[PDB]
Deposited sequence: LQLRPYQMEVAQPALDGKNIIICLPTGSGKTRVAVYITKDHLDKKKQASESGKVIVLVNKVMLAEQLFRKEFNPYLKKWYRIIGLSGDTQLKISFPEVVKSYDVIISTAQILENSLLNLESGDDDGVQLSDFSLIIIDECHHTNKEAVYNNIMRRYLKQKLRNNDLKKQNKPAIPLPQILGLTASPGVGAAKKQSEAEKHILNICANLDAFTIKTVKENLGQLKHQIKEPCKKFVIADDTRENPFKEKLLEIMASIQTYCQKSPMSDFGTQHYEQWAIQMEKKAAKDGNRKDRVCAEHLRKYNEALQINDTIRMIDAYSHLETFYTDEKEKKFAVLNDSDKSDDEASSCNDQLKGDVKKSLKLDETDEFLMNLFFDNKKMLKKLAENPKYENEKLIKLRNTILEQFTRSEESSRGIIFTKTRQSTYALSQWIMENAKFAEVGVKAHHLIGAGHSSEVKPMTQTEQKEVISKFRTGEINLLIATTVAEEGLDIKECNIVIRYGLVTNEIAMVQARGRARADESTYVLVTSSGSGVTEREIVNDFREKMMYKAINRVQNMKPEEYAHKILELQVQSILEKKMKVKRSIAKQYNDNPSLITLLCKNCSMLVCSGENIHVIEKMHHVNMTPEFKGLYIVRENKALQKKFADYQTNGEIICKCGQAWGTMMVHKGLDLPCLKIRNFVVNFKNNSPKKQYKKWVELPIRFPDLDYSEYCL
């Protein structure tokens, strides 16, 4: 494995066992350097005939699979054992065993941490930093806060300090391993000065326990050889603002602020809690609606108002279906006022929606772009709904197709925000096509920003965040931060080893003590662990829904209430297991059909608390907040 020159020197310290960081710009292929380090380290331990383990960590799974596909296996296919361990890829054999085998490991963070947790737990599954003789890391910039990498290294620190004490006062000290670290750039956070930046860097180094930053300040020429702009372009709104003010009047709601910002939203949520802490109507009820309206506003500000019509079409049609289901098996004053207030305008509002708008301006921009140019394309933005809107709206346009441009959307995987997620599989499909050329232009939130191999693209437009385009000042501040961190890197590199040691020791101790304080407060957190002290109520209608003991649990995750005395209440709904809804139409939960039972599960977001102590109403958004505990279900009971 021949090593490029600029890679040679930067690696050189690590071959002496110095636990250093190694930062190199993208495109330099810092992986093959890592292989050189690992292979050399293994050969050194081979010469010593001792336990040579490397446990490489990447935060994302795709990185791990890529490393197992392309870089580590092909180079070390011959000599050593490898395994592309990950959470998703089922591995019949547990981790302690692969620690006893498979000298080399690709892996992913919280798998290792889970195993270490099991060591600290009574699972009897064990692993220690002791067992490894080396660790290798990627994207060290993540190692700042309560991140997984940081949690992994924090345990190692405490052991180091114990070992330092043991050295002075004891013959034996526990072994600890080397720690490499690779990053595209160390990063700088919350810096408006060089000094805060340097402190950040030192924090990172302490977290990694490293001896020094390392860069290539010598062979910059070959690097520049191999490694190689900001362009910037109604009555419907008012029609809706008028209704919002009408509803404030209907509600006596004082915003204290304007329409079309997060501040209005936050006040709406706070009023929603208070009205939930009141069990009143037109107060929480109307906060919910106004949240929808404000979202309609701020998407409208950036999006075709047709999409706001779509948003509220979805919303209000679901409202009709909820009330219609409620009718099956009446309507309140509030709901009638609001719903009719909408429907009286809905049709004309759509007529307004037809009328010509960042989107139109942008089209004028990007169509002009697609004449210059193999065609490649990228887009960024913030929301997942914006991506779909851009995709559909662009599809509707005849000009974009006429140019031959084909476009597809792209978002993450997580199950939040009320959007249809994208699977890992389908992401791979899309990027493979963007390499095939089926789609010329991607639409992405931040997935494409990193990890995914998107490259060779002329245009990278950012809408509201190698030609560069930035539609909508933020580039300037980023440039300033880049300059600031380069200067700080140089400063730290040129520092006294003694002062450097003193500085990092102090930061290490600070981190450890802060964790200990965290643990003290955390242990103090949960104290009650009560079986039944409460009542769950519908939050629109401050109505009794459940008690505390009638509840039960499954999977030690989900909470459901049998005892069909409860079942006499709710209503069921579904369109396209099924969904539960209130006698007032308030959404309650899902009919989880599992374990041979149609368990009526619910979600604590939508309910409100009343302690037996008569303590004030509370809203949590998650069960785990309260420390009280509910029983696990006994199928012998309810067996029937």
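Student: How would you list, in order, the spans of the deposited sequence that the model does not cover?
Tutor: No C-alpha for residues 229 to 232, 238 to 242, 339 to 361, 389 to 392, 410 to 411, 504 to 521, 529 to 535, 640 to 650.
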